[PDB]
């Protein structure tokens, strides 16, 4: 009866759930297991650029803590 | 049209054809009603009122339906008679005329 | 450059769909099939003849309304100012003028067609 | 008398415009008759978008706060309790 | 990719030639569409996100009403394209040749002076090295219209209202 | 051979898509069009089989001639058929569209739509029942299933 | 000056030449007017952004507003000509001589 | 890492940072304040040296949480913030500056 | 990896459109006492594939009177923009994070209109020209109200950034704050996508097939896909704007699921409206949008400008 | 509810701005040192590149004023690699 | 006829956007604030005729800041000479200019 | 004739379903002419039979 519509709705649900999950997982994969940093303003972009140089490997995701000093 | 399908087999059970029954012939009809036909007609007509009310629920008070029909194709009573209109085309303009009442 | 990449990918995908649509099927074309559709009968006049707009005034005013919408867009940032009194008065002034223009067009029977 | 008839007729024939003028009217009058508009102004001034450039101390600035967090200077304690 | 702005500006000139040769207004419409979109791209590349999106949005809406009229007033039984009339095609080709000649002269010869003095280096050079902080400087300057530009707001609003009135007075017979 | 197997499998895929997504055009001429509406009625539900009534001939796959094809109507029917993009099929519904039916000996009736367009399935009746028309359409799906268009191309 | 400035000035010049050189329709002249307005917008916007003239970032929006005001003026004049002559052809504007 | 310790850094390294800002905003020439700029880094390094010696582990927990979020928000790591403030208040005696 | 992300945002959307066709058919059937596609595949799950294969194996016809260049460009623009308007959507993380993604969506929709315009104009048919003019009239009626409602509901967001909408609705759906604007925005989205009671550009019962009457096989499939993709994208926009969802930064799947379910509910309501009301007359559509919404949208714009100032609740800029 | 949440968000924004202010002096110091180092490197390489060219004074100011003028992008990354130029120019704009 | 009603009534209708050295929101300085300030303060009250010739160095500096024509010419000359040297192999770009050394923070 | 979408003139062209029923009836008996009326109004069949 009416529940016969459910398979199509579920297939569409899976097809719409793929994009979001894929984007989140790719962002985590390409940013060292962390949320992709946003740069809405120039200050955030300057922070990102400094972090990239600090890392030394030209990647901003890798962060150097207190171990790097001294 | 599901109710229209139920009435189609009323045609078919009494004549053998769903649409063109050729059942009403000069002198009466062709065959007598098969047994149990009147009961089934009663069962259909018992619940057919709700179908009309469901139809009205979707159209009668819908503002979109009223916008598409209210004040559209207005026919004056005098013009309808002169132009030869009959049936609903007359009684929709207020003319009180039905051939089942005046000339039964 | 990522937005450019996305645009390029979308355009290429659409054009590839067009290409497959126009080169996969078996094509058999003749004059009658490619004739314009006029519900089974031959058209009387050309489709490139003038087509009168009964809502021309509505469009010309929609131009200025789109202008006002462009003027109103900076409002979310305008609320971050220290002169909230002046900012609010000017925003309400613009909205009041938009409403007044709409009212003038309405009362002078401009929104009506034909 | 005439106002009541006009408003009843207005909300019976064109109820959409009645609501719009009422909502629009409130949006012009209410902000003036509010005690929180000044707070809205103060919050916008409070937010430090740019750097607070220090001034050279000449020794005769009693209220200017030469300190990290000593009591002198403006306070946001009002915003904390808002 | 260091000359994206130059490529977009060349496409801008191409679209301007396209709708300046005067094909059917329908085709002039897409010419202006391309020009506006590419100009939005240039402004985005220079940091004007809101301004570029604003020209894109307004012209997109404006050319729609023009298209409505092209099918109502400027509708020719045989609408003409850039390869339909030797006059239109000549204008289009002349514009393209002018653009190409000036581009070649500007590129191969670093310093070019046609009317003003143009330098052949990339547009990236003129960019500033400053930091705007937690700002969208264009957005803040634009939003200053309601705080600083009260007079501008008043005059623009009055002009728009008078524009509505003028349209109604003109289109009344 | 591997070539025939791929072509045969491709031919089945092409045939399956065409026969299971038949799109008749909304084209009804007479009494038989009413029974055609009852095939789209909930009881029989032609949409259940993928048969969807498109309007424009250019977006249709089958023309169901349902009703008398008068002389005044014949040029209109042919042009509407010609504007259908191939592959297109014609299903003749009712004795009026088959061989003229009740009006075979009429000065203004074409003696069957076969004289105007090629017909794939003839549905008999006056009017044929909604199942009879549905039987003819399902028979058309079987006819499309037996179409070896690519398989013949591999052997041309 | 950067080459982008040259390109935008050339676009303005081309649009001006197009407007000055009518062919048949009055619609295309309005198109050239809108093109000139767009070119001026792009020029002013680039100038303001490059020099970080923050308070002048509202100038292109005002320019755009008056641009589409002139466009609406042109459209209304166009409809009147079409109503009075049937076509928007620029040759119909011939009663007033010298 | 800088954002996690920023609030305490501003309070402790206030004196040399403010002098450098005054220099830059009065000389209006970066070459006339290099010496003051060097003292900013020296005091900044000394600020982190105390953290490494008294609040190493709790601070590492704090900035790792902040590093995760793309916005580097403070409201998604208040639990770790309290741990860092508590150790710093005891071992080093620093007090986080209030709002404004 | 970014190209993989582009593919993982385009291909699933096309599959969702394909199966949304089937979902719409079955929903309409079961609301009409019928059964949707039920023979082709189990419960009709293979119907979209059959439709696509039929359309792309069907001969496309090029009208003799048609301008080929525009006739081919229109379908491409429609699909490309339909696929592009998903780029900035925050689910929970947007593929392309723009500070002004909302205005980008507005501009992309405004451009998509030209697909219907050029498809209609280039088709060189009277019905297609009527459909194009109806599309023009439709976009004249809704655009101003759409932008004003969007601005008013974003006045509590603080910026045109789409991602910020998730934060603004962290404790409460924004529909509880602007439900009149929510209703008007929903109707405007119905009108924009040429959808229920506003299917005037196509007009099956009045214009045979509207602007796409001369389109067949592949191009027609592209226009259908673009239409349904715009439907899903606009319903997603309605979901993020008003029906906010919880986002745990460590488990984004929670948001994704909640978001998807809300978008599916909104699409189902779109079909529900499609099978419940008669079609407007586009004169009545323009009159409604200009004389019942627009005054109310202006009034609510005034109200939502004044409210944060009068309540000291101006949202943060950043 | 939205009033309460927006007031809390304003407080959070103020806190983040205070953190930025606290971090700003170090960033300014690093920025000025980096700019001066890049200018020095450009001058040193220019002294070698255009030593043969007649009358080409190395490091000659283009302004009459003896005041600090913030260098343009082409005056810092003029001879750097194309990738570095593209980064320092269009990185923030192209990052989304 | 410049009827200077603004200076008479004291109103400020458009003098706030005439120059980039005026007050701007959030104190965002213009790119050439210093040069324009020097040019304006030099040429204040002495008249236009004197300002054209006397405060000409300031105006030239302001124009150079605004357009960078001479700076771009110098950079173009440097680039051309470097390219010519590289063609003849008389020069080798340093590693920090070849993307081999980590740039300072 | 449409001025835009306003209907200036509406001209119905009929006869596309003219099957000559009235002429065919003249060649058939009264019983044989009865089925002809079922096809006149094929939405209301038995009413046509009753009138005949």
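A, B, C, D, E, F, G, H, I, J, K and L label the chains in the order they appear, each numbered from 1.
Operating definition for what follows: contacts are C-beta pairs under 8 Å (C-beta built on N, C-alpha and C of every residue); 3 or more make two chains touch, one makes a residue touch a chain.
Q: Expressed in steps between touching chains, what is the minimal separation of subunit F and subunit K?
A: Graph distance in the chain contact network comes out at 3.
Q: Return the chain pair with more inter-chain C-beta contacts, choosing between G-K and E-J.
A: E-J
Q: Once you find the CA centre of subunit B and the CA centre of subunit K, what distance in Å lies between them?
A: Computed from C-alpha means, the inter-chain centre distance equals 87 Å.
Q: If you average the CA atoms of subunit A and of subunit G, how far apart do the two points sit, in angstrom?
A: The computed centroid separation for subunit A versus subunit G comes out at 45 Å.
Q: List the centre-to-centre spacing of subunit H and subunit J in whole Å, with centres computed as mean CA coordinates.
A: Measuring from centre to centre gives 23 Å for this pair.
Q: When you check subunit J against every other chain, which residues touch at least two of them?
A: 7, 10-14, 16-18, 20-21, 24, 30, 33, 35, 67, 72, 74, 78, 90, 96
Q: Residues touching two or more other chains, restricted to subunit E: which are they?
A: Residues 1, 47, 50, 54, 57-58, 61-62, 65, 68-69, 71-73, 79, 117, 119-121, 125-128, 130-137, 140-145, 147-149, 156, 160, 163, 167, 171.
Q: Send over the residues of subunit D in touch with two or more other chains.
A: As it turns out, subunit D has residues touching two or more other chains at 24, 27-28, 31, 37, 40, 43-44, 46-47, 49-51, 76, 79-80, 82.
Q: Which residues of subunit B touch subunit I in the complex?
A: 2, 58-59, 62, 64-65, 67-68
Q: Contact residues on subunit C for subunit I in the complex?
A: 2-3, 5-7, 9-11, 13-15, 17-18, 20-22, 24-29, 31, 33-39, 43, 47-48, 51, 53, 55, 58-59, 62, 65-66, 69, 72-73, 75-77, 79-80, 84, 88, 91-92, 95, 98-99, 102, 106, 111, 113
Q: Quick check: in the complex, which residue numbers of subunit H touch subunit A?
A: Where subunit H meets subunit A, its residues are 1, 45, 48-49, 51-52, 56, 59-60, 63, 67-72.
Q: Where on subunit J does subunit A make contact in their complex?
A: Within the complex, subunit J touches subunit A at residues 20, 27, 30, 87, 91-92, 95.
Q: Give the list of subunit K residues in touch with subunit G in this complex.
A: Spelled out, the residues of subunit K in touch with subunit G are 16-17, 20, 22, 24-25, 28-32, 66-67, 69.
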